[PDB]
$ cat coords.cif   # mmCIF, C-alpha atoms and all ligand atoms
data_run
loop_
_atom_site.label_atom_id
_atom_site.label_comp_id
_atom_site.auth_asym_id
_atom_site.auth_seq_id
_atom_site.Cartn_x
_atom_site.Cartn_y
_atom_site.Cartn_z
CA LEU A 580 -167.84 -4.67 -20.02
CA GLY A 581 -166.00 -1.34 -20.08
CA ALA A 582 -167.61 -0.08 -23.29
CA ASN A 583 -170.98 0.72 -24.86
CA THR A 584 -170.39 -0.86 -28.29
CA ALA A 585 -170.18 -4.51 -29.33
CA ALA A 586 -166.74 -4.04 -30.89
CA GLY A 587 -165.47 -2.27 -27.77
CA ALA A 588 -166.99 -4.96 -25.56
CA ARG A 589 -165.25 -7.77 -27.47
CA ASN A 590 -161.93 -5.92 -27.39
CA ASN A 591 -162.20 -5.44 -23.63
CA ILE A 592 -162.90 -9.13 -22.93
CA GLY A 593 -160.67 -10.37 -25.77
CA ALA A 594 -163.46 -12.16 -27.63
CA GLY A 595 -163.54 -13.01 -31.32
CA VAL A 596 -166.41 -12.85 -33.80
CA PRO A 597 -168.29 -15.79 -35.37
CA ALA A 598 -167.02 -17.34 -38.55
CA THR A 599 -169.39 -17.54 -41.52
CA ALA A 600 -169.72 -20.22 -44.18
CA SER A 601 -171.52 -21.66 -47.18
CA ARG A 602 -171.66 -25.38 -46.38
CA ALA A 603 -172.02 -26.46 -49.99
CA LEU A 604 -170.27 -28.94 -52.28
CA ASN A 605 -168.62 -25.87 -53.81
CA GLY A 606 -168.38 -23.84 -50.64
CA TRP A 607 -166.40 -21.54 -48.39
CA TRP A 608 -165.63 -20.67 -44.77
CA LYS A 609 -164.52 -17.26 -43.54
CA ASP A 610 -162.74 -16.34 -40.31
CA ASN A 611 -164.11 -12.89 -39.61
CA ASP A 612 -161.35 -12.21 -37.04
CA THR A 613 -158.47 -12.40 -39.53
CA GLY A 614 -160.45 -12.28 -42.79
CA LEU A 615 -158.96 -15.56 -44.01
CA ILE A 616 -161.22 -17.46 -46.41
CA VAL A 617 -160.98 -21.17 -47.22
CA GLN A 618 -162.84 -22.45 -50.27
CA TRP A 619 -163.36 -25.85 -51.85
CA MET A 620 -164.80 -26.85 -55.20
CA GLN A 621 -164.90 -29.54 -57.85
CA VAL A 622 -165.61 -29.93 -61.55
CA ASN A 623 -166.33 -33.11 -63.49
CA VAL A 624 -164.28 -33.37 -66.69
CA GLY A 625 -164.65 -36.84 -68.21
CA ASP A 626 -161.95 -38.61 -70.20
CA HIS A 627 -158.38 -37.43 -70.50
CA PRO A 628 -157.60 -37.42 -74.24
CA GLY A 629 -153.82 -37.45 -73.79
CA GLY A 630 -151.32 -34.66 -74.09
CA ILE A 631 -151.61 -31.58 -71.87
CA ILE A 632 -155.01 -30.18 -70.84
CA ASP A 633 -155.58 -26.80 -69.15
CA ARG A 634 -158.88 -26.02 -67.43
CA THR A 635 -160.12 -22.83 -65.78
CA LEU A 636 -161.92 -23.20 -62.45
CA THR A 637 -163.90 -20.37 -60.84
CA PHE A 638 -163.96 -20.11 -57.05
CA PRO A 639 -167.35 -20.27 -55.26
CA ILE A 640 -166.78 -16.62 -54.29
CA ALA A 641 -164.05 -14.24 -55.35
CA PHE A 642 -161.34 -13.59 -52.80
CA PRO A 643 -161.64 -9.84 -52.07
CA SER A 644 -157.86 -9.32 -52.08
CA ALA A 645 -155.83 -12.40 -53.02
CA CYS A 646 -155.68 -16.15 -53.27
CA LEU A 647 -152.64 -17.32 -51.29
CA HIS A 648 -152.66 -21.09 -51.90
CA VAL A 649 -154.42 -23.79 -53.92
CA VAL A 650 -154.51 -27.55 -53.35
CA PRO A 651 -155.57 -29.44 -56.52
CA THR A 652 -156.40 -33.15 -56.48
CA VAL A 653 -158.14 -35.64 -58.80
CA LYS A 654 -161.59 -37.15 -58.25
CA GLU A 655 -162.99 -40.24 -59.95
CA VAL A 656 -166.48 -39.73 -61.37
CA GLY A 657 -166.68 -43.24 -62.84
CA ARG A 658 -164.37 -46.00 -64.07
CA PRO A 659 -165.02 -46.67 -67.78
CA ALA A 660 -161.71 -48.38 -68.60
CA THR A 661 -159.16 -47.27 -66.01
CA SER A 662 -159.09 -45.27 -62.81
CA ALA A 663 -158.83 -41.50 -62.44
CA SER A 664 -155.63 -41.96 -60.42
CA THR A 665 -153.90 -42.33 -63.81
CA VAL A 666 -154.55 -38.58 -64.25
CA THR A 667 -152.44 -36.07 -62.32
CA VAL A 668 -152.68 -32.31 -61.86
CA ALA A 669 -150.72 -29.16 -61.10
CA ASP A 670 -151.78 -25.53 -60.77
CA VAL A 671 -150.76 -23.20 -63.62
CA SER A 672 -152.11 -19.91 -62.32
CA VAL A 673 -154.02 -18.61 -59.34
CA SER A 674 -156.04 -15.37 -59.11
CA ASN A 675 -158.62 -13.76 -56.86
CA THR A 676 -161.41 -15.27 -59.00
CA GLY A 677 -160.17 -18.78 -59.78
CA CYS A 678 -157.32 -20.90 -61.04
CA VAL A 679 -156.04 -22.81 -64.05
CA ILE A 680 -155.25 -26.49 -63.43
CA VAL A 681 -153.21 -28.54 -65.89
CA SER A 682 -153.71 -32.29 -66.20
CA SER A 683 -151.93 -35.17 -67.91
CA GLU A 684 -152.28 -38.95 -67.90
CA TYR A 685 -149.81 -41.81 -67.60
CA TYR A 686 -152.14 -44.56 -68.88
CA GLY A 687 -153.81 -44.12 -72.25
CA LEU A 688 -157.19 -45.68 -71.47
CA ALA A 689 -160.53 -43.98 -70.91
CA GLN A 690 -161.02 -42.26 -67.54
CA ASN A 691 -163.89 -40.29 -66.08
CA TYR A 692 -162.08 -37.82 -63.85
CA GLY A 693 -162.78 -34.51 -62.20
CA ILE A 694 -160.68 -31.86 -60.50
CA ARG A 695 -160.96 -30.81 -56.86
CA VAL A 696 -159.43 -27.60 -55.52
CA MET A 697 -159.09 -26.30 -51.98
CA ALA A 698 -158.03 -22.64 -51.79
CA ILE A 699 -156.84 -20.23 -49.07
CA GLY A 700 -156.96 -16.46 -49.38
CA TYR A 701 -158.55 -13.26 -48.13
CA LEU B 580 -174.64 -7.24 -21.70
CA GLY B 581 -178.34 -6.84 -22.48
CA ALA B 582 -179.29 -10.44 -21.66
CA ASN B 583 -179.22 -13.00 -18.85
CA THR B 584 -178.04 -16.02 -20.88
CA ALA B 585 -174.64 -16.81 -22.38
CA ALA B 586 -176.11 -17.25 -25.87
CA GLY B 587 -177.99 -13.96 -25.58
CA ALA B 588 -174.88 -12.22 -24.26
CA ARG B 589 -172.75 -13.40 -27.20
CA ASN B 590 -175.43 -12.37 -29.69
CA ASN B 591 -175.62 -8.89 -28.16
CA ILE B 592 -171.85 -8.31 -28.32
CA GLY B 593 -171.41 -10.27 -31.56
CA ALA B 594 -169.03 -12.84 -30.08
CA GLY B 595 -168.38 -16.34 -31.38
CA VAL B 596 -167.88 -19.59 -29.48
CA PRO B 597 -164.62 -21.56 -29.05
CA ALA B 598 -163.65 -24.14 -31.60
CA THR B 599 -162.96 -27.68 -30.41
CA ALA B 600 -160.44 -30.21 -31.65
CA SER B 601 -158.72 -33.56 -31.34
CA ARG B 602 -155.06 -32.71 -31.98
CA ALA B 603 -154.11 -36.22 -33.06
CA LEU B 604 -152.33 -37.77 -36.03
CA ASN B 605 -155.80 -38.82 -37.17
CA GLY B 606 -157.65 -35.81 -35.86
CA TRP B 607 -160.29 -33.14 -36.34
CA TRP B 608 -161.14 -29.50 -35.69
CA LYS B 609 -164.66 -28.10 -35.39
CA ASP B 610 -165.85 -24.52 -35.77
CA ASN B 611 -168.77 -24.40 -33.36
CA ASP B 612 -170.03 -21.13 -34.91
CA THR B 613 -170.76 -22.60 -38.35
CA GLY B 614 -170.51 -26.31 -37.51
CA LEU B 615 -167.82 -26.89 -40.14
CA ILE B 616 -165.51 -29.80 -39.34
CA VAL B 617 -162.05 -30.36 -40.82
CA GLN B 618 -160.47 -33.79 -40.42
CA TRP B 619 -157.14 -35.33 -41.35
CA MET B 620 -155.96 -38.92 -41.35
CA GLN B 621 -153.49 -41.38 -42.80
CA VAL B 622 -153.11 -45.10 -43.40
CA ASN B 623 -149.96 -47.05 -44.20
CA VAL B 624 -150.43 -49.44 -47.12
CA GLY B 625 -147.08 -50.87 -48.21
CA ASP B 626 -146.21 -51.87 -51.76
CA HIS B 627 -148.33 -51.09 -54.79
CA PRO B 628 -148.74 -54.41 -56.65
CA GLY B 629 -149.71 -52.80 -59.96
CA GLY B 630 -153.09 -52.42 -61.56
CA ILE B 631 -155.86 -50.51 -59.78
CA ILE B 632 -156.23 -50.64 -55.98
CA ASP B 633 -159.23 -49.33 -54.02
CA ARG B 634 -159.00 -48.75 -50.27
CA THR B 635 -161.65 -47.68 -47.76
CA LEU B 636 -160.63 -45.05 -45.19
CA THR B 637 -162.73 -44.24 -42.12
CA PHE B 638 -162.76 -40.66 -40.83
CA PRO B 639 -161.60 -40.01 -37.24
CA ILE B 640 -165.21 -39.04 -36.46
CA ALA B 641 -168.29 -39.29 -38.62
CA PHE B 642 -169.53 -36.05 -40.13
CA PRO B 643 -173.01 -35.59 -38.61
CA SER B 644 -174.53 -34.45 -41.91
CA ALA B 645 -172.18 -34.59 -44.90
CA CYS B 646 -168.62 -34.66 -46.14
CA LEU B 647 -168.22 -31.79 -48.62
CA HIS B 648 -164.62 -32.24 -49.82
CA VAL B 649 -161.65 -34.60 -49.57
CA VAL B 650 -157.98 -33.96 -50.34
CA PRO B 651 -156.05 -37.22 -50.87
CA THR B 652 -152.25 -37.32 -51.11
CA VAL B 653 -149.51 -39.97 -50.92
CA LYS B 654 -147.10 -40.46 -48.02
CA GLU B 655 -143.83 -42.40 -48.12
CA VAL B 656 -143.45 -44.84 -45.23
CA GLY B 657 -140.10 -46.17 -46.46
CA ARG B 658 -138.13 -46.53 -49.70
CA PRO B 659 -137.51 -50.23 -50.42
CA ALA B 660 -136.80 -49.92 -54.16
CA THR B 661 -138.42 -46.71 -55.39
CA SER B 662 -140.20 -43.72 -53.92
CA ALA B 663 -143.88 -43.43 -53.01
CA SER B 664 -144.20 -40.50 -55.43
CA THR B 665 -144.48 -43.17 -58.16
CA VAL B 666 -147.94 -43.93 -56.67
CA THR B 667 -150.82 -41.53 -57.32
CA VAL B 668 -154.35 -41.31 -55.93
CA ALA B 669 -157.87 -40.08 -56.62
CA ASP B 670 -161.05 -40.23 -54.56
CA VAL B 671 -163.71 -42.71 -55.72
CA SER B 672 -166.45 -42.02 -53.20
CA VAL B 673 -167.02 -39.82 -50.18
CA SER B 674 -169.57 -40.34 -47.39
CA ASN B 675 -170.31 -39.06 -43.90
CA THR B 676 -168.21 -41.90 -42.43
CA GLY B 677 -165.21 -42.13 -44.76
CA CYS B 678 -164.02 -42.37 -48.33
CA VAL B 679 -162.68 -44.77 -50.94
CA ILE B 680 -159.33 -43.80 -52.48
CA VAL B 681 -158.04 -45.43 -55.66
CA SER B 682 -154.31 -45.75 -56.31
CA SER B 683 -152.12 -46.72 -59.25
CA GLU B 684 -148.38 -46.68 -59.96
CA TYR B 685 -146.29 -45.53 -62.91
CA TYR B 686 -143.09 -47.36 -61.93
CA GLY B 687 -143.23 -51.10 -61.32
CA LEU B 688 -140.77 -51.35 -58.42
CA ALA B 689 -141.47 -51.91 -54.74
CA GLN B 690 -142.81 -48.93 -52.80
CA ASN B 691 -143.85 -48.49 -49.19
CA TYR B 692 -146.61 -45.90 -49.48
CA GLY B 693 -149.51 -44.68 -47.43
CA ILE B 694 -152.54 -42.51 -48.10
CA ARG B 695 -153.29 -39.17 -46.44
CA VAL B 696 -156.72 -37.54 -46.54
CA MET B 697 -157.87 -34.12 -45.41
CA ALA B 698 -161.67 -33.74 -45.32
CA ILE B 699 -164.16 -30.88 -44.90
CA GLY B 700 -167.78 -31.35 -43.86
CA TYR B 701 -170.35 -30.77 -41.15
CA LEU C 580 -170.42 -10.84 -16.72
CA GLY C 581 -169.84 -12.74 -13.47
CA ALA C 582 -166.08 -12.12 -13.34
CA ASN C 583 -163.49 -9.35 -13.25
CA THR C 584 -161.01 -10.79 -15.77
CA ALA C 585 -161.25 -11.14 -19.54
CA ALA C 586 -160.61 -14.89 -19.40
CA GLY C 587 -163.25 -15.32 -16.70
CA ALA C 588 -165.69 -13.17 -18.65
CA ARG C 589 -165.29 -15.26 -21.81
CA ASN C 590 -165.69 -18.49 -19.86
CA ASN C 591 -168.90 -17.22 -18.26
CA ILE C 592 -170.49 -16.23 -21.59
CA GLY C 593 -168.89 -19.10 -23.52
CA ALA C 594 -166.99 -16.86 -25.94
CA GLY C 595 -163.87 -17.77 -27.89
CA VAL C 596 -160.78 -15.69 -28.65
CA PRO C 597 -159.75 -14.20 -32.02
CA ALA C 598 -157.67 -16.24 -34.40
CA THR C 599 -154.39 -14.76 -35.63
CA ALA C 600 -152.70 -15.08 -39.01
CA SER C 601 -149.93 -14.12 -41.39
CA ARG C 602 -151.77 -13.63 -44.69
CA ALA C 603 -148.71 -14.24 -46.85
CA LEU C 604 -147.86 -16.45 -49.81
CA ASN C 605 -145.97 -18.57 -47.28
CA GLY C 606 -148.29 -18.01 -44.36
CA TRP C 607 -150.17 -19.38 -41.38
CA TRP C 608 -153.41 -19.16 -39.41
CA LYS C 609 -153.78 -20.01 -35.73
CA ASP C 610 -156.92 -20.87 -33.78
CA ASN C 611 -156.12 -19.48 -30.35
CA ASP C 612 -159.00 -21.46 -28.78
CA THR C 613 -157.57 -24.91 -29.57
CA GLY C 614 -154.03 -23.90 -30.56
CA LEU C 615 -154.33 -25.55 -33.97
CA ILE C 616 -152.12 -23.96 -36.63
CA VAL C 617 -152.59 -24.28 -40.39
CA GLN C 618 -149.70 -23.28 -42.64
CA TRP C 619 -149.18 -23.09 -46.39
CA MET C 620 -146.04 -22.59 -48.45
CA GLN C 621 -144.43 -23.12 -51.82
CA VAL C 622 -140.99 -23.43 -53.36
CA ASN C 623 -140.01 -23.15 -57.02
CA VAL C 624 -137.73 -25.99 -58.14
CA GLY C 625 -137.32 -25.93 -61.92
CA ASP C 626 -136.78 -29.00 -64.08
CA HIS C 627 -137.11 -32.56 -62.86
CA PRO C 628 -133.91 -34.34 -63.96
CA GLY C 629 -135.36 -37.84 -63.66
CA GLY C 630 -134.89 -40.42 -60.97
CA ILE C 631 -135.89 -39.66 -57.37
CA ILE C 632 -135.47 -36.15 -55.91
CA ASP C 633 -135.80 -35.26 -52.20
CA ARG C 634 -136.24 -31.65 -51.11
CA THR C 635 -136.42 -30.13 -47.63
CA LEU C 636 -139.08 -27.47 -47.05
CA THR C 637 -139.13 -25.23 -43.97
CA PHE C 638 -142.50 -24.14 -42.56
CA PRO C 639 -143.25 -20.39 -42.34
CA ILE C 640 -143.17 -20.80 -38.55
CA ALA C 641 -142.21 -23.80 -36.47
CA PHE C 642 -145.06 -25.73 -34.92
CA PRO C 643 -144.49 -25.38 -31.15
CA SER C 644 -145.34 -29.03 -30.47
CA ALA C 645 -145.99 -31.13 -33.57
CA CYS C 646 -146.96 -31.21 -37.21
CA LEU C 647 -149.95 -33.55 -37.56
CA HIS C 648 -150.55 -33.56 -41.32
CA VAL C 649 -149.07 -32.32 -44.61
CA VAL C 650 -150.73 -31.94 -48.01
CA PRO C 651 -148.14 -31.73 -50.83
CA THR C 652 -149.10 -30.78 -54.39
CA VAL C 653 -147.28 -29.65 -57.55
CA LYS C 654 -147.31 -26.13 -59.00
CA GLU C 655 -146.34 -25.14 -62.53
CA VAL C 656 -143.94 -22.19 -62.66
CA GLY C 657 -143.64 -22.27 -66.46
CA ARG C 658 -143.99 -24.73 -69.34
CA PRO C 659 -140.64 -25.10 -71.15
CA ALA C 660 -141.32 -28.44 -72.86
CA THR C 661 -144.03 -30.23 -70.88
CA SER C 662 -146.35 -29.48 -67.98
CA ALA C 663 -145.59 -29.77 -64.28
CA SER C 664 -148.44 -32.28 -63.93
CA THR C 665 -145.94 -34.86 -65.24
CA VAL C 666 -144.20 -34.49 -61.83
CA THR C 667 -145.76 -36.08 -58.75
CA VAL C 668 -144.94 -35.86 -55.05
CA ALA C 669 -145.20 -37.65 -51.72
CA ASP C 670 -144.08 -36.67 -48.22
CA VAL C 671 -141.04 -38.51 -46.83
CA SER C 672 -140.84 -36.99 -43.38
CA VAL C 673 -142.64 -34.37 -41.32
CA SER C 674 -141.30 -32.49 -38.28
CA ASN C 675 -142.15 -29.45 -36.19
CA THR C 676 -139.92 -27.30 -38.43
CA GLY C 677 -140.63 -28.58 -41.94
CA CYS C 678 -140.90 -31.59 -44.19
CA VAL C 679 -139.10 -33.57 -46.87
CA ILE C 680 -141.02 -34.03 -50.13
CA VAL C 681 -139.96 -36.59 -52.73
CA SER C 682 -140.70 -36.05 -56.42
CA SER C 683 -140.52 -38.13 -59.58
CA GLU C 684 -141.60 -37.65 -63.19
CA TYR C 685 -143.43 -39.85 -65.69
CA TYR C 686 -142.48 -37.86 -68.81
CA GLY C 687 -138.82 -37.19 -69.52
CA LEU C 688 -139.09 -33.67 -70.94
CA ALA C 689 -138.18 -30.37 -69.32
CA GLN C 690 -140.58 -29.04 -66.68
CA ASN C 691 -140.53 -25.94 -64.51
CA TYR C 692 -142.29 -27.17 -61.38
CA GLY C 693 -142.57 -26.16 -57.76
CA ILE C 694 -143.87 -27.81 -54.62
CA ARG C 695 -146.79 -26.59 -52.51
CA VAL C 696 -147.44 -27.81 -48.97
CA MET C 697 -150.35 -27.21 -46.64
CA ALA C 698 -149.68 -28.31 -43.05
CA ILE C 699 -151.74 -28.79 -39.86
CA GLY C 700 -150.25 -28.90 -36.38
CA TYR C 701 -149.97 -27.15 -33.04
MG MG D 801 -157.79 -41.30 -71.25
MG MG D 802 -144.81 -51.49 -56.62
MG MG D 803 -137.78 -33.19 -66.74
#

$ encode --input "coords.cif" --output "structure tokens"
Amino acid sequence: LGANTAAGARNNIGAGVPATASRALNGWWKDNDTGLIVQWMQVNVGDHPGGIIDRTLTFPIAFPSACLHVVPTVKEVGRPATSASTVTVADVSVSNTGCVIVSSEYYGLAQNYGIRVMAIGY
Amino acid sequence: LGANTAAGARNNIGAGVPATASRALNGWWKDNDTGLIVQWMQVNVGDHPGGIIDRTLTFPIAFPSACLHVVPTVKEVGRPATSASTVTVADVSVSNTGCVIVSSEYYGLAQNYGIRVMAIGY
Amino acid sequence: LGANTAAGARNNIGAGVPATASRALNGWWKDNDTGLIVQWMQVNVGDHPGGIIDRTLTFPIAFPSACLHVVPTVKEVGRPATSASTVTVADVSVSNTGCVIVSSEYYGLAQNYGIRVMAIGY
């Protein structure tokens, strides 16, 4: 083993450490080798009223240093008049604690949509 | 090492286990520390005929317990009259075995689109 | 330990190796057990002029063998007249070095959009 400590042992045999996770609907996974954190979350919104709608989403845990990337998509909660695919999204701002997602619609009927976000950071 | 078993050895030096994967177009990666599984897949559809279209997608492998998150996006297979970016998607339902993705179009010309999904679960 | 080499030691106790990463805005993470690489990137574009727009994006690093999956989404850089959610995207082609993303708009006002891509490969 060439050492008397766990850290020294792993370094000498080139081993990594276990990842950790919260395996929840709004959850996260952390690589404890590099510190990278991946998170995923969702929020149910309801109908899109038209125009431009901003919504703040809070990550399951805060990134300790930075959020590097977000991946926003649309979920359908129900189909009252038309499908949630008539709503589209883009990210407005990204922070260590959450993001702002903007949505708009291209069909003016009632939806029941939600927003999903996957995020990468550390 | 402080133990006579591989599991006990790793616990004593704080080491994790190797991830496994199928590095395929429709593939998966599994963290065998936490059990988290990430999958990715695609299906070629063709033209969007208008209206609302639901399609069932089957994951490369079933999640043993639950799918936590899906990330659906649109791929362009070809460009017969207009681009596949005129088709948009949302997820309708998510299970341990697959998902239903709904699509609609905002330009009524011929596309050749497909659906991509990335999924997280365990 | 049952061996005199680091690789043999890890095999005998069933330990994996540390992942590596570039924790940058345009960055990557590599599982050195399976070789899977995840990358993320963004590019600011500006206004969508209408019609169909193709753009080539270059991955932070080349995948040594193949890109298996891409996840393109839209970011809002600013809001000059309307939101970037009125622009939508699809992937046209994917290679070991990058991808081509096609975009179109469903509202003919000025945007300031960018393109985000998450990619999986090895
Ligand atoms: Mg509506
Ligand atoms: Mg069509
Ligand atoms: Mg414009």

$ residues_near_ligand --input "coords.cif" --ligand "ligand MG 801 (chain D)" --cutoff "6 Å" --atoms "only C-alpha atoms and all ligand atoms" --output "list in words"
residues 626, 627, 628, 687, 688, 689 and 690 of chain A

$ interface_residues --input "coords.cif" --of "chain A" --to "chain C" --cutoff "6 Å" --atoms "all atoms listed in the file" --output "VMD selection string"
chain A and resid 592 594 to 595 612 647 667 to 671 682

$ closest_residue --input "coords.cif" --among "C:684, C:644, C:676, C:633" --to "ligand MG 803 (chain D)" --atoms "only C-alpha atoms and all ligand atoms"
C:684

$ closest_residue --input "coords.cif" --among "C:617, C:624, C:649, C:582" --to "ligand MG 803 (chain D)" --atoms "all atoms listed in the file"
C:624

$ closest_residue --input "coords.cif" --among "B:646, B:591, B:622, B:660" --to "ligand MG 802 (chain D)" --atoms "only C-alpha atoms and all ligand atoms"
B:660

$ atom_distance --input "coords.cif" --atom1 "atom CA of residue C:629" --atom2 "atom CA of residue C:659"
15.7 Å

$ closest_residue --input "coords.cif" --among "C:698, C:683, C:691, C:672" --to "residue C:631" --atoms "all atoms listed in the file"
C:683

$ closest_residue --input "coords.cif" --among "C:616, C:640, C:632, C:680" --to "ligand MG 803 (chain D)" --atoms "all atoms listed in the file"
C:632
